[PDB]
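This report refers to the structure that appears directly beneath it.
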């Protein structure tokens, strides 16, 4: 959630007044992952026993 | 400096139904919102 406000200028002449503007931007969170390979031989298990 | 009168600005804030004791005149740091959906 971001709320952003935009500055304006007080003006005159043959133009009606303009309204200040809010903007409410939202971005959805993008999920990802990574993994890597890591192998252990059998005899190591044999020795851990 | 002052620009439009700070006392006048605070009075104008007060009269229009806002009971703002002190109108900030400086740097304001709010908290970004993180919304989670589970």
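Values as computed for the structure displayed
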{"read-out": "Spread of Cα-to-Cα distances over 10 Å intervals beginning at zero, given as percent, for chain A", "value": "16, 18, 15, 12, 9, 10, 8, 7, 5, 1"}
{"read-out": "Calculated on alpha-carbon atoms, Rg and Dmax of the protein assembly as shown in Å", "value": "28.6, 91"}
{"read-out": "Stretchable slack from residue A:34 to residue A:2, in nm (0.36 nm times residue separation minus alpha-carbon distance)", "value": "8.6 nm"}
{"read-out": "CD proxy at 222 nm, helix term only [per DSSP H run n ≥ 4: -39500 (n - 2.57); per residue of chain A; nearest 500]", "value": "-3000 deg cm²/dmol"}
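Bear in mind these aren't lab numbers, they're just calculated from the coordinates by the rules spelled out.
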